[PDB]
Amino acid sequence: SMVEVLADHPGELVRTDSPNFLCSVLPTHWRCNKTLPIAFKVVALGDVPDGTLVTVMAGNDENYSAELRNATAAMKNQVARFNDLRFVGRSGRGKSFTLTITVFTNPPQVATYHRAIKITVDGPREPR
């Protein structure tokens, strides 16, 4: 199931700490408030009825809860396609945010993507 899905559309999906969900690979370091190159997606291996809401939160030791934009998406054919997700808050020098994905089924489910992305004011920048 998971093996076939990872092979389905190779290289772009990564594992969450939850065996029933997978998500898009995020850049290692990105500019705060800048649009992501690849639209962030959450994929459900088990069955999640269409319409189910999905949100993401980002945070770590410096920023317990980071300001985001468009952090809400709806599941469709087992995929939650976030339309232009963005990280506004900063994660701190040499540190990365940890993403907490909440799939609003009844009961709710939560999948974690540890040390997923570093967000700074400049973002990846050419050496001076």
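Numbering starts at 1 and runs along the sequence shown.
With 2-10 and 119-127 compared on mean CA B-factor from the PDB entry, the stretch scoring higher is 2-10.
Stretches 31-39 and 44-52 differ in mean C-alpha B factor, with the higher average recorded for 44-52. For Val88, the recorded CA temperature factor ranks within the lowest third of the chain's modelled residues.
Per the PDB record, residue ranking by Cα B-factor puts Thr100 in the lowest third of the chain. When the CA B factors of the chain's modelled residues are split into thirds, the value for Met57 lands in the lowest one.
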